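Worksheet for the structure shown next.
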Amino acid sequence: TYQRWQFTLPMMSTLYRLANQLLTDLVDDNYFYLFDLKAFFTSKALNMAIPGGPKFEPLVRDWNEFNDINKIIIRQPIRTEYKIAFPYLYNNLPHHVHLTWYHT
Amino acid sequence: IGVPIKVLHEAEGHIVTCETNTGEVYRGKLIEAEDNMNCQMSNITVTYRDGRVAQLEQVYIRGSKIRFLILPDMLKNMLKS
Amino acid sequence: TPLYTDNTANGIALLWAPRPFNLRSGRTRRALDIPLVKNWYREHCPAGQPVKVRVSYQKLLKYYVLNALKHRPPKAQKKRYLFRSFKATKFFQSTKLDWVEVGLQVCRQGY
Amino acid sequence: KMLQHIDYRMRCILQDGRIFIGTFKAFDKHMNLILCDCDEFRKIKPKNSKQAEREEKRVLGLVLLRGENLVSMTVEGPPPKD
Amino acid sequence: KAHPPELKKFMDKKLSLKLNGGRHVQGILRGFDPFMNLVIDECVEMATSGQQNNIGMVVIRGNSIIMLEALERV
RNA sequence: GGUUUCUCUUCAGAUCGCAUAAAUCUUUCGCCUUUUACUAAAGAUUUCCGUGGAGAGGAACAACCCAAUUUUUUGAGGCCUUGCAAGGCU
């Protein structure tokens, strides 16, 4: 029926060596820091685009003191990456947002 | 190593009663119990064969010369055996 | 026992390998269900590539993200087998043929 | 032969001639015994002594007896269910 | 197995020793072996009369040791 | 007592499937003469290519060693007084 296989470890090392042209050279996960699925989900929900990443259609589609510009200390700008990383801190209204894996 | 011995070591730190081969009765805290039943205890009350009591700070009784020990009832309530 | 053998460096090497290499045993998979390039577009596009290729990477990631969002687990339904029903009839016979031979028949019969 | 009587209520006779009755829960190589809900009797083992059945009975509780000082054992009553 | 008795705590302390035969002596622990045989220094026999007599440094065989009691704090 | 291999029934919780299609309906969008065919997001419901657990029947391949202290190879027996028990004894 050819349904299950079990191999010995020299077999697996030979196959692993022969397949290396198609395989990645990453050992851990941190390469995909803001490039994982959860970052892309959050990005889609906030209508923001990571620079390499996909772009979608938006999900969501007055004079005030809280938003005033005389009170702001513009030290660094807030990038879009920061809003993906700490979504509840840098967004008013985060709906359907996913928290990303912090670090391994 | 015997099943009763493991249960004895379990009573270390508890108040226990010990009768010797000569019938003197020692009640107090079990500090150390060895494999051969050698027993170190503290703050003892001893009740002799005549009925009289005394008080001792520190004692050590040889296992062979122990007739028996009473352990806390709560501690007993081993199951696998 | 020795401290290490010939297999030791390789056996340690397989602990940090990507799937399915990291395992000893498994179920055989369908040939089509193994993309083999999914990891290439899940990484950053290399530097210096032209605009069409850079955009290409974004589109492949887009479809990857939409499949992952929209997924709901499979509904447990009464399966039916079409070919087993055909083979139960006396009208369908069965044989073993070369793939090219069968392919030619498919072409002729469709015509 | 020992494992059979485990969990049962058992009448144990000591070398000085005391009677220890308790629930037989454990033993070992030396015949050191673990006796739950154990009482000690001195004067008699009653067979329905019309005068009284129980004199010099003492409640002990959870007892570990050393095998050196054990002589013999018989079945006194069935296991308590608890 | 071939265990030591746990007596290092009692080393060089004054002790009260109850022996078989209703015998009692007092002295300073100077050493021991796996059989619980003891070396006791400045030993004194506490005669049943109440009178006490100095016997010096002695060996007590662990066999005949019923009980010991420290006269010090360990 | 086993393994392999076909057909059927039933239950599917599990990344049911380290993969991924289509259709229908409702909302919003983009196309702009009308309808096919459509653009792209959300939600709901189906179909299709595959899978897992359990049960029944058929066929094929293998087989009926511890007596010298701390326990179990003994400090073991004998005398006196009172109401077997306690104590003093040898």
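Numbering starts fresh at 1 for the residues of each chain in the structure tokens, the chains themselves are lettered A, B, ... in the order given, and ligands are numbered from 1 as they appear.
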
_With only C-alpha atoms (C1' of nucleotides) as the counted atoms, please give the residues lying no more than 10 Å from range 67-84 of chain A, apart from itself and same-chain residues fewer than 3 positions off, as a list in words._
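Within the cut-off, the hits are residues 34, 38, 39, 40, 41, 42, 43, 46, 48, 49, 50, 51, 62, 63, 64, 87, 88, 89, 90, 91, 94, 97, 98, 99 and 100 of chain A.
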
Keeping only N, CA and C atoms, take the residues you just selected and write them out as a short mmCIF file (atom, residue, chain, number, x, y, z; two decimals), in the first residue's frame.
```cif
data_model
loop_
_atom_site.label_atom_id
_atom_site.label_comp_id
_atom_site.auth_asym_id
_atom_site.auth_seq_id
_atom_site.Cartn_x
_atom_site.Cartn_y
_atom_site.Cartn_z
N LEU A 34 9.75 39.49 11.94
CA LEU A 34 8.48 40.06 11.54
C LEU A 34 8.05 39.55 10.19
N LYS A 38 1.97 35.19 11.82
CA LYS A 38 1.25 36.03 12.76
C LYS A 38 1.52 37.49 12.52
N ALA A 39 2.72 37.83 12.09
CA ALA A 39 3.00 39.20 11.73
C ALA A 39 2.21 39.61 10.52
N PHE A 40 2.07 38.72 9.56
CA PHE A 40 1.31 38.99 8.35
C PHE A 40 -0.17 39.11 8.65
N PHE A 41 -0.67 38.33 9.60
CA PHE A 41 -2.06 38.44 10.03
C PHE A 41 -2.33 39.78 10.67
N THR A 42 -1.47 40.18 11.60
CA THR A 42 -1.60 41.48 12.26
C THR A 42 -1.52 42.61 11.28
N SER A 43 -0.57 42.51 10.37
CA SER A 43 -0.37 43.50 9.34
C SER A 43 -1.59 43.64 8.45
N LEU A 46 -4.37 45.46 10.43
CA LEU A 46 -4.18 46.88 10.65
C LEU A 46 -4.06 47.68 9.38
N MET A 48 -1.46 47.51 7.13
CA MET A 48 -0.10 48.01 7.08
C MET A 48 0.75 46.97 6.40
N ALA A 49 1.83 47.38 5.79
CA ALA A 49 2.60 46.44 5.01
C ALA A 49 4.03 46.39 5.51
N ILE A 50 4.47 45.22 5.96
CA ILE A 50 5.89 44.95 6.15
C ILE A 50 6.59 45.13 4.81
N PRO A 51 7.78 45.71 4.74
CA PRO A 51 8.38 46.04 3.44
C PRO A 51 8.56 44.90 2.44
N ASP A 62 -12.29 64.89 14.80
CA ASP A 62 -12.69 66.18 15.36
C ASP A 62 -11.51 66.85 16.02
N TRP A 63 -11.63 68.15 16.29
CA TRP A 63 -10.60 68.86 17.05
C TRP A 63 -10.49 68.30 18.46
N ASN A 64 -9.28 68.02 18.90
CA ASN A 64 -9.12 67.28 20.14
C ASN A 64 -7.84 67.71 20.83
N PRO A 87 1.41 45.66 19.18
CA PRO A 87 0.24 46.19 18.52
C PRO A 87 -0.72 46.88 19.44
N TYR A 88 -0.82 46.45 20.68
CA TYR A 88 -1.72 47.10 21.60
C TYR A 88 -1.15 48.39 22.13
N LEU A 89 0.14 48.60 22.03
CA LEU A 89 0.70 49.83 22.53
C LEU A 89 0.63 50.94 21.51
N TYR A 90 0.88 50.65 20.25
CA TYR A 90 0.99 51.71 19.29
C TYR A 90 -0.24 51.91 18.45
N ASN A 91 -1.29 51.16 18.66
CA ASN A 91 -2.49 51.32 17.87
C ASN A 91 -3.64 51.72 18.76
N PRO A 94 -6.85 48.06 17.97
CA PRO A 94 -6.38 46.84 17.32
C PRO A 94 -7.44 45.75 17.36
N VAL A 97 -6.12 41.26 15.93
CA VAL A 97 -4.67 41.30 15.96
C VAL A 97 -4.09 40.09 16.69
N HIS A 98 -2.99 39.58 16.17
CA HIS A 98 -2.32 38.43 16.73
C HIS A 98 -1.03 38.85 17.39
N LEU A 99 -0.75 38.29 18.55
CA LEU A 99 0.52 38.55 19.21
C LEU A 99 1.58 37.68 18.59
N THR A 100 2.74 38.23 18.36
CA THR A 100 3.77 37.45 17.70
C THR A 100 4.68 36.84 18.74
#
```

*asked:* Please find the residues of chain F near chain B - the criterion being any atom within 10 Å, counting only C-alpha atoms (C1' of nucleotides) - and write them as a list in words.
replied: residues 69, 70, 71, 86 and 87 of chain F

Residues from the last selection, C-alpha atoms (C1' of nucleotides), saved as a PDB file, in the first residue's frame:
```pdb
ATOM      1  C1'   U F  69      26.903  -7.579  67.314  1.00  0.00           C
ATOM      2  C1'   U F  70      21.921  -4.267  63.802  1.00  0.00           C
ATOM      3  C1'   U F  71      16.863  -8.634  63.188  1.00  0.00           C
ATOM      4  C1'   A F  86       4.740  -6.807  89.729  1.00  0.00           C
ATOM      5  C1'   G F  87       9.454  -6.675  91.992  1.00  0.00           C
TER       6        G F  87
END
```

*For the atom pair CA of residue 9 in chain B and CA of residue 65 in chain D, what is the interatomic distance in Å to one decimal place?*
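Separating CA of residue 9 in chain B from CA of residue 65 in chain D is a distance of 14.7 Å.
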
_Residues of chain E were defined as contacting chain F if any atom lay at most 12 Å from it, counting only C-alpha atoms (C1' of nucleotides); please report them as JSON, numbers by chain._
{"E": [1, 2, 3, 4, 5, 20, 21, 33, 34, 35, 36, 37, 60, 61, 62, 63, 64, 65, 66]}

If you keep C-alpha atoms, can you produce a file of those selected residues as a CSV table (one decimal), in the first residue's frame?
```csv
chain,number,residue,atom,x,y,z
E,1,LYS,CA,25.6,-1.3,53.8
E,2,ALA,CA,28.4,-1.9,56.3
E,3,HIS,CA,27.0,1.5,57.3
E,4,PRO,CA,28.3,3.9,59.9
E,5,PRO,CA,26.2,4.9,62.8
E,20,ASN,CA,22.3,-4.1,79.5
E,21,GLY,CA,22.2,-5.6,82.9
E,33,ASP,CA,33.0,1.8,64.3
E,34,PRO,CA,30.2,0.3,62.1
E,35,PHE,CA,29.2,-2.2,64.9
E,36,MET,CA,28.6,0.8,67.2
E,37,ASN,CA,31.5,-0.2,69.4
E,60,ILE,CA,32.0,-0.3,75.0
E,61,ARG,CA,30.9,-3.1,72.6
E,62,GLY,CA,27.9,-1.9,70.6
E,63,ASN,CA,26.2,-5.2,71.1
E,64,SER,CA,25.5,-4.2,74.8
E,65,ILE,CA,24.5,-0.5,74.2
E,66,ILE,CA,20.8,0.0,74.9
```

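Residues from chain C found within 10 Å of chain F are residues 19, 20, 29, 30, 32, 33, 34, 35, 67, 68, 71, 73, 74, 75, 76, 77, 78, 84 and 88 of chain C, counting only C-alpha atoms (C1' of nucleotides).
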
Within 8 Å of chain F, which residues of chain A come that close, and what is the closest atom pair and distance in Å for each? Count only C-alpha atoms (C1' of nucleotides) and give it as JSON lines.
```
{"residue": "A:57", "atom": "CA", "partner": "F:41", "partner_atom": "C1'", "distance": 5.8}
{"residue": "A:58", "atom": "CA", "partner": "F:41", "partner_atom": "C1'", "distance": 7.0}
{"residue": "A:59", "atom": "CA", "partner": "F:41", "partner_atom": "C1'", "distance": 6.5}
```

*Show which residues sit within 6 Å of range 18-31 of chain B, as a ChimeraX atom specification. Count only C-alpha atoms (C1' of nucleotides), and ignore same-chain residues fewer than 3 positions away.*
/B:12-15,40-48,65-69

*Select from range 5-81 of chain B everything DSSP, run on the backbone, classes as strand (DSSP E), then give the selection as a ChimeraX atom specification.*
/B:15-20,25-33,39-47,53-61,66-71

*asked:* Could you tell me how far CA of residue 29 in chain D sits from CA of residue 67 in chain D, in Å to one decimal place?
replied: 8.8 Å

Long-range neighbours of residue 80 in chain F as a PDB file with N, CA, C and O atoms (P, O5', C5', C4', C3', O3' and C1' of nucleotides), in the first residue's frame, 12 Å cut-off, only C-alpha atoms (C1' of nucleotides), 3 positions minimum in chain:
```pdb
ATOM      1  P     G F  87       8.535  -5.574  86.969  1.00  0.00           P
ATOM      2  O5'   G F  87       9.430  -5.578  88.285  1.00  0.00           O
ATOM      3  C5'   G F  87       9.427  -4.463  89.163  1.00  0.00           C
ATOM      4  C4'   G F  87       9.831  -4.856  90.562  1.00  0.00           C
ATOM      5  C3'   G F  87      11.121  -5.647  90.689  1.00  0.00           C
ATOM      6  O3'   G F  87      12.287  -4.849  90.605  1.00  0.00           O
ATOM      7  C1'   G F  87       9.454  -6.675  91.992  1.00  0.00           C
ATOM      8  P     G F  88      13.629  -5.453  89.974  1.00  0.00           P
ATOM      9  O5'   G F  88      14.329  -6.150  91.222  1.00  0.00           O
ATOM     10  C5'   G F  88      14.386  -5.490  92.501  1.00  0.00           C
ATOM     11  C4'   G F  88      14.731  -6.480  93.588  1.00  0.00           C
ATOM     12  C3'   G F  88      15.885  -7.423  93.278  1.00  0.00           C
ATOM     13  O3'   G F  88      17.124  -6.843  93.667  1.00  0.00           O
ATOM     14  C1'   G F  88      14.029  -8.673  94.046  1.00  0.00           C
ATOM     15  P     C F  89      18.399  -6.961  92.707  1.00  0.00           P
ATOM     16  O5'   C F  89      18.039  -8.206  91.782  1.00  0.00           O
ATOM     17  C5'   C F  89      18.979  -9.279  91.584  1.00  0.00           C
ATOM     18  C4'   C F  89      18.716 -10.390  92.572  1.00  0.00           C
ATOM     19  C3'   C F  89      19.502 -11.675  92.340  1.00  0.00           C
ATOM     20  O3'   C F  89      20.742 -11.642  93.036  1.00  0.00           O
ATOM     21  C1'   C F  89      17.203 -12.187  92.523  1.00  0.00           C
ATOM     22  P     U F  90      22.117 -11.652  92.219  1.00  0.00           P
ATOM     23  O5'   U F  90      22.337 -13.197  91.899  1.00  0.00           O
ATOM     24  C5'   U F  90      21.902 -14.213  92.823  1.00  0.00           C
ATOM     25  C4'   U F  90      22.175 -15.585  92.255  1.00  0.00           C
ATOM     26  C3'   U F  90      23.114 -15.624  91.055  1.00  0.00           C
ATOM     27  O3'   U F  90      24.458 -15.832  91.475  1.00  0.00           O
ATOM     28  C1'   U F  90      21.091 -16.709  90.502  1.00  0.00           C
TER      29        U F  90
END
```

*Could you state the separation of CA of residue 30 in chain D and CA of residue 66 in chain D in Å, given to one decimal place?*
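CA of residue 30 in chain D sits 7.7 Å away from CA of residue 66 in chain D.
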
*Which polymer residues have any atom within 10 Å of an atom of residue 19 in chain A, counting only C-alpha atoms (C1' of nucleotides), with same-chain residues fewer than 5 positions away left out, as a PyMOL selection string?*
(chain A and resi 13-14) or (chain C and resi 21)

Would you write out those residues with N, CA, C and O atoms, as a CSV table (one decimal), in the first residue's frame?
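This went into result38.csv:
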```csv
chain,number,residue,atom,x,y,z
A,13,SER,N,20.9,10.6,6.7
A,13,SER,CA,22.0,11.5,6.5
A,13,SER,C,22.4,11.6,5.1
A,13,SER,O,22.8,12.7,4.6
A,14,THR,N,22.4,10.5,4.3
A,14,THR,CA,22.6,10.5,2.9
A,14,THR,C,21.6,11.3,2.2
A,14,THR,O,21.9,12.1,1.3
C,21,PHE,N,13.5,15.9,7.3
C,21,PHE,CA,14.7,15.2,7.7
C,21,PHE,C,14.9,15.0,9.2
C,21,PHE,O,15.5,14.0,9.5
```

Quick one: everything within 8 Å of residue 24 in chain A, counting only C-alpha atoms (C1' of nucleotides), minus sequence neighbours fewer than 5 positions away in the same chain. Send it as a compact mmCIF listing (two decimals) with N, CA, C and O atoms, in the first residue's frame.
```txt
# COMPACT_ATOMS: atom_id res chain seq x y z
N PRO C 18 15.85 20.63 8.83
CA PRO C 18 14.46 21.01 8.60
C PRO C 18 13.63 19.77 8.30
O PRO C 18 14.17 18.77 7.86
N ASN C 39 9.77 27.13 0.96
CA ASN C 39 10.66 27.80 1.85
C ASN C 39 11.40 28.91 1.18
O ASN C 39 11.94 29.77 1.85
N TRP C 40 11.49 28.87 -0.13
CA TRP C 40 12.23 29.91 -0.81
C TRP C 40 11.49 31.22 -0.80
O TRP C 40 12.11 32.26 -0.73
```

*Would you give me, as a PyMOL selection string, the residues of chain E that come within 6 Å of chain B, using only C-alpha atoms?*
chain E and resi 66-70

Quick one: write out the picked residues with C-alpha atoms as a CSV table (one decimal), in the first residue's frame?
```csv
chain,number,residue,atom,x,y,z
E,66,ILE,CA,20.8,0.0,74.9
E,67,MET,CA,20.7,3.8,74.7
E,68,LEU,CA,22.8,6.9,74.9
E,69,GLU,CA,21.8,10.4,76.0
E,70,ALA,CA,23.9,13.5,75.5
```

*asked:* Show me, as number ranges by chain, the residues of chain D whose atoms get within 10 Å of chain B, using only C-alpha atoms for the distance check.
replied: D: 3, 6, 14-16, 25-38, 60-70

Can those selected residues be exported to a file as a compact mmCIF listing (two decimals), in the first residue's frame so that it contains C-alpha atoms?
```txt
# COMPACT_ATOMS: atom_id res chain seq x y z
CA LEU D 3 0.84 -11.18 51.15
CA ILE D 6 -2.18 -8.17 53.95
CA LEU D 14 5.17 -10.76 71.00
CA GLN D 15 8.11 -12.42 72.71
CA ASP D 16 7.24 -11.00 76.10
CA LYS D 25 -0.43 -3.37 56.02
CA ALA D 26 3.24 -4.23 55.40
CA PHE D 27 6.10 -6.56 56.24
CA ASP D 28 9.68 -7.27 55.13
CA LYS D 29 12.60 -9.69 55.20
CA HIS D 30 12.96 -9.48 59.01
CA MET D 31 9.20 -9.58 59.55
CA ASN D 32 9.14 -6.00 60.73
CA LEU D 33 5.40 -5.31 60.65
CA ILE D 34 3.21 -2.28 59.95
CA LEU D 35 -0.03 -2.33 61.96
CA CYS D 36 -2.74 0.30 61.44
CA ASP D 37 -5.38 1.09 64.13
CA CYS D 38 -3.45 -1.10 66.51
CA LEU D 60 -1.69 2.65 70.22
CA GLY D 61 -2.58 3.63 66.65
CA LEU D 62 -0.08 3.29 63.83
CA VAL D 63 2.57 0.78 64.94
CA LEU D 64 5.82 -0.50 63.44
CA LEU D 65 6.88 -3.70 65.24
CA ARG D 66 10.42 -5.12 64.86
CA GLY D 67 10.49 -8.76 63.69
CA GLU D 68 13.12 -9.80 66.30
CA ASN D 69 10.34 -9.60 68.94
CA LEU D 70 7.56 -11.24 66.88
```

*DSSP helix (DSSP H, G or I) residues within chain A, as an MDAnalysis selection string*: chainID A and resid 9:18 20:22 30:32 37:46 80:85 87:90
